[PDB]
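Visitor: here's a sequence, model it:
(one chain, ligands or ions: 7)
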Amino acid sequence: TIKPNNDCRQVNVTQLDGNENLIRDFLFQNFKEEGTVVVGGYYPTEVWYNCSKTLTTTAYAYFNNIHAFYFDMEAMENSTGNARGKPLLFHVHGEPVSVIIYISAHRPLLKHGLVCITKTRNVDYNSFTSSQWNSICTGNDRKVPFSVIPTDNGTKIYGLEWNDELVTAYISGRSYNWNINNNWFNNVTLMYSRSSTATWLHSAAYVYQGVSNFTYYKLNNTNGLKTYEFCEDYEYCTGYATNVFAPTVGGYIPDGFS
Ligand SMILES: *[C@@H]1O[C@H](CO)[C@@H](O[C@@H]2O[C@H](CO)[C@@H](O)[C@H](O)[C@H]2NC(C)=O)[C@H](O)[C@H]1NC(C)=O
Ligand SMILES: *[C@@H]1O[C@H](CO)[C@@H](O)[C@H](O)[C@H]1NC(C)=O
Ligand SMILES: *[C@@H]1O[C@H](CO)[C@@H](O)[C@H](O)[C@H]1NC(C)=O
Ligand SMILES: *[C@@H]1O[C@H](CO)[C@@H](O)[C@H](O)[C@H]1NC(C)=O
Ligand SMILES: *[C@@H]1O[C@H](CO)[C@@H](O)[C@H](O)[C@H]1NC(C)=O
Ligand SMILES: *[C@@H]1O[C@H](CO)[C@@H](O)[C@H](O)[C@H]1NC(C)=O
Ligand SMILES: *[C@@H]1O[C@H](CO)[C@@H](O)[C@H](O)[C@H]1NC(C)=O
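Guide: Residues are numbered from 1 along each chain as shown. Ligands and ions are numbered 1, 2, ... in the order given. Shown next is the structure:
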């Protein structure tokens, strides 16, 4: 899903600090009942990508042909009061509207996150993270500040999914929906490392993953205990075929369909 880069290495999301149940809480967000059920969707996997640079130069990463983008952070320093932030900036392209999400390190108190809805393709990644907080998403672009919860201590997975009619943002354990008709290009550009500035601090404490395939998870709720298991094949987990398929070149149903 990510272009081959030497900086970007893999990593086990569940093996990191404070990430024991990072995916379990996300999977059971909607299934609040008792029993086992097989769900499908653009769900994150266990192996994500960590990308860092020893130097203080500006680096970029590209995710292509993806449908959802998830990321997680580390525990904030002094989260109770003056929380210390770790900067990040990822841009989802589209026409005629594109969305830039930037978490910082004039600005309202504790509102580390900013969302910039812009209609201009020329986005300056070497100047957005170098100016003041009041001169970032100024002008005709729509600026929406938002406060990432520091008390969560990075134990909640953040995510963004989109389509041509609806955009869903998962923050903490809450999913928010926005209705907008926009032609998305299904690629995301992420700027993970740059020189330190007033708003940007040189660090690397972000994991991240892009999901493009239809992932299947079996969920079991036994006496209040919640367990999840990934399925590489729907038929193997359920004993029955699935209706999701990828049409071949020219728009032809594959011969293996049921
Ligand atoms: C994201 O995908 C879109 C859609 O494919 C890309 O836009 C096209 O890019 C190609 C080159 O890859 C150009 O020849 C086309 O003219 C572009 N079309 C439009 C309508 O702009 C876009 O470049 C991709 N973005 C990134 C950052 O890779
Ligand atoms: C994740 O842990 C497993 C063992 O549980 C190990 O084999 C694998 O290499 C780890 N993956 C990464 C990306 O470190
Ligand atoms: C943490 O924040 C509190 C509340 O603002 C503050 O009193 C305290 O000094 C901070 N601790 C630090 C910066 O180590
Ligand atoms: C986050 O960490 C702080 C400091 O250790 C702790 O007081 C707080 O309860 C934690 N929040 C959680 C675990 O939700
Ligand atoms: C990513 O890797 C860097 C070294 O390249 C390391 O310092 C950093 O802690 C890693 N990030 C996470 C979230 O594990
Ligand atoms: C997604 O599905 C395609 C089907 O061709 C497969 O080749 C690819 O490996 C899958 N990707 C992942 C991450 O499972
Ligand atoms: C769910 O868990 C219970 C208790 O461990 C087990 O008996 C049952 O077989 C599980 N169901 C599925 C579908 O895996």
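Visitor: what residues are up against the closest residue to ligand 7 within the stretch 51-200 of the chain?
Guide: Residue of the stretch 51-200 of the chain nearest ligand 7, by CB to the nearest ligand atom: residue 173 (23.6 Å). Every residue, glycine included, has its C-beta placed from N, CA and C. Residue 173 makes contacts with 25, 29, 156, as judged by CB atoms under 8 Å, 6 or more residues apart in numbering.
Visitor: what's the closest of the residues you listed to ligand 1?
Guide: Nearest to ligand 1 among the contacts of residue 173: residue 156, at 28.1 Å, using CB to the nearest ligand atom.
Visitor: surely the closest one and residue 24 touch.
Guide: No - between residue 156 and residue 24 there is no contact under CB atoms under 8 Å: 11.6 Å.
Visitor: from residue 51, how far off is the residue of the stretch 51-200 of the chain closest to ligand 7?
Guide: According to CB to CB, to the nearest Å, residue 173 stands 27 Å off from residue 51.
Visitor: if we can go back for a sec, comparing residue 156 and residue 24, which shows the higher neighbour count?
Guide: Counted by other CB atoms under 10 Å, residue 156 and residue 24 do not tie: residue 156 has more neighbours, with 22 against 14.
Visitor: quick one: that one is in a helix?
Guide: No - applying DSSP: H, G, I helix; E, B strand; the rest coil, one finds residue 156 to be coil, outside a helix.
Visitor: got a list of what it touches?
Guide: Contact analysis of residue 156 by CB under 8 Å, 6+ apart lists 22, 25, 72, 149, 171, 172, 173.
Visitor: count the neighbours of residue 50 for me.
Guide: If we define neighbours as other CB under 10 Å, then residue 50 has 17 of them.
Visitor: ligand 7 contacts on the protein?
Guide: Within the chain, the positions adjacent to ligand 7 are 36, 220, 222 by CB under 6 Å from any ligand atom.
Visitor: just to revisit the earlier point, tell me the one of the contacts of residue 173 nearest residue 212?
Guide: Of all these, residue 212 sits closest to residue 29, with 21.0 Å by CB to CB.
Visitor: list the contacts of the closest one.
Guide: Contacts of residue 29 (CB under 8 Å, 6+ apart): 170, 173, 175.
Visitor: leaving out the residues flanking it, which one is nearest to the last one?
Guide: Take residue 175 and drop its neighbours on the chain: the residue closest to it by CB to CB, 6 or more residues apart in numbering is residue 168, 5.7 Å away.
Visitor: partner strands of the strand or helix carrying residue 220 and their direction?
Guide: Using DSSP states H and E, residue 220 sits in strand 215-222. Strand 215-222 has its sheet partners listed here by DSSP bridges as strand 37-41 (antiparallel), strand 225-231 (antiparallel).
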